[PDB]
Every structure is written in structure tokens, then in C-alpha cells.
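Student: Got a structure here, written out as C-alpha cells. Questions coming.
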Amino acid sequence: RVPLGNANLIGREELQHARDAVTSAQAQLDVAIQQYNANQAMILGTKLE
Amino acid sequence: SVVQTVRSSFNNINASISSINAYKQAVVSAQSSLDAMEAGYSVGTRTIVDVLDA
């Protein structure tokens, strides 16, 4: 969507919303990463026995 | 009869001028739409049928 915006051939609200969606997706990925890290802190030994 | 004919011709000239202005505006609008459709296709958000229709 970005290049079309350089010219005035796409609504500015739509580009704003695309940017916001990117940011939200990044934040949710961070949430998932932190959950995985939280679980990993209990089994960091790397040996079952 | 001559009176009415000349008056009618004059009004016709004026109507022609107005119609020409309208059609120029329509042409510009269509050109803008075609440019939008072509850019969308170049970036990959539209097919080629849209380009041909424009």
C-alpha cells in the first residue's frame, strides 16, 4: 500500500490503518515470545535426569 | 420564422459550449481513475481486466 500513497491515489486513513496493523502485529509477536521465555525458565537445565 | 430560427441557433451555440466543458471534466476524471487502476496493478493489488475496463 505504501507507494500508492506517495501520489494521492489512496485514502490517508487506509495507510494509517495499515501502519497501525503492522505495529499491533509486532506487539502480539512480542507477547508470544515472552510467554515462550516464561515457560523456558523452568527447564533451562537441558538434561532430563 | 426568421426571428425564431435565429434565436434558436443562438441558444444552441450556448448549449454546445456548456456541453464541451462537461465532457472535458469527464475526460479528466476518467484519466485519474485509469492512473489509479494502473498503479494498483503495478504494485500487484489489481488484475488486468480492470486496466482494460479503465
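Each chain in the C-alpha cells gets a letter, A, B and so on, in the order shown; residues start at 1 in every chain, and ligands are counted from 1 in the order they appear.
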May I have the residues within 12 Å of residue 11 in chain A as a short mmCIF file (atom, residue, chain, number, x, y, z; two decimals) with N, CA, C and O atoms, in the first residue's frame, using only C-alpha atoms and disregarding those fewer than 6 positions away in the same chain?

Tutor:
data_model
loop_
_atom_site.label_atom_id
_atom_site.label_comp_id
_atom_site.auth_asym_id
_atom_site.auth_seq_id
_atom_site.Cartn_x
_atom_site.Cartn_y
_atom_site.Cartn_z
N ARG A 1 0.80 -1.22 0.00
CA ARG A 1 0.00 0.00 0.00
C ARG A 1 0.83 1.28 0.00
O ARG A 1 0.34 2.31 -0.45
N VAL A 2 2.06 1.23 0.50
CA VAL A 2 2.81 2.48 0.71
C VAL A 2 3.01 3.27 -0.57
O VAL A 2 2.62 4.45 -0.61
N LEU A 4 1.60 3.72 -3.46
CA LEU A 4 0.44 4.43 -3.99
C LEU A 4 0.17 5.70 -3.19
O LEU A 4 -0.27 6.71 -3.74
N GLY A 5 0.43 5.65 -1.88
CA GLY A 5 0.24 6.82 -1.05
C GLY A 5 1.13 7.99 -1.40
O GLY A 5 0.72 9.14 -1.23
N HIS A 17 -4.17 3.04 8.85
CA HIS A 17 -4.63 1.78 9.43
C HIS A 17 -3.67 0.64 9.13
O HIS A 17 -3.45 -0.24 9.97
N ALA A 18 -3.08 0.63 7.93
CA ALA A 18 -2.08 -0.39 7.62
C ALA A 18 -0.89 -0.29 8.56
O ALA A 18 -0.41 -1.30 9.09
N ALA B 36 -5.04 5.46 -11.37
CA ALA B 36 -5.14 4.73 -10.11
C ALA B 36 -5.12 3.23 -10.35
O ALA B 36 -4.37 2.49 -9.69
#

Student: Select, as a list in words, those residues of chain B with any atom no more than 10 Å from chain A (distances computed using only C-alpha atoms).

Tutor: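 Those within range of chain A come out as residues 32, 33, 35, 36, 37, 39, 40, 42, 43, 44 and 45 of chain B.
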
Student: Report the distance between CA of residue 20 in chain B and CA of residue 5 in chain B in Å, rounded to one decimal place.

Tutor: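 Atom-to-atom, CA of residue 20 in chain B and CA of residue 5 in chain B are spaced 22.9 Å apart.
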
Student: What gap, in Å, lies between CA of residue 17 in chain B and CA of residue 31 in chain B?

Tutor: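 Computing the Euclidean distance for CA of residue 17 in chain B and CA of residue 31 in chain B yields 21.7 Å.
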
Student: Just the residues within 12 Å of residue 49 in chain B, please, counting only C-alpha atoms, with nothing from its chain fewer than 6 positions along; format it as a list in words.

Tutor: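 So, after excluding close chain neighbours, the residues are residues 34, 37, 38 and 41 of chain B.
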
Student: Run DSSP on the backbone and tell me which residues of chain A come out as alpha helix (DSSP H); list them as an MDAnalysis selection string.

Tutor: chainID A and resid 2:6 12:40
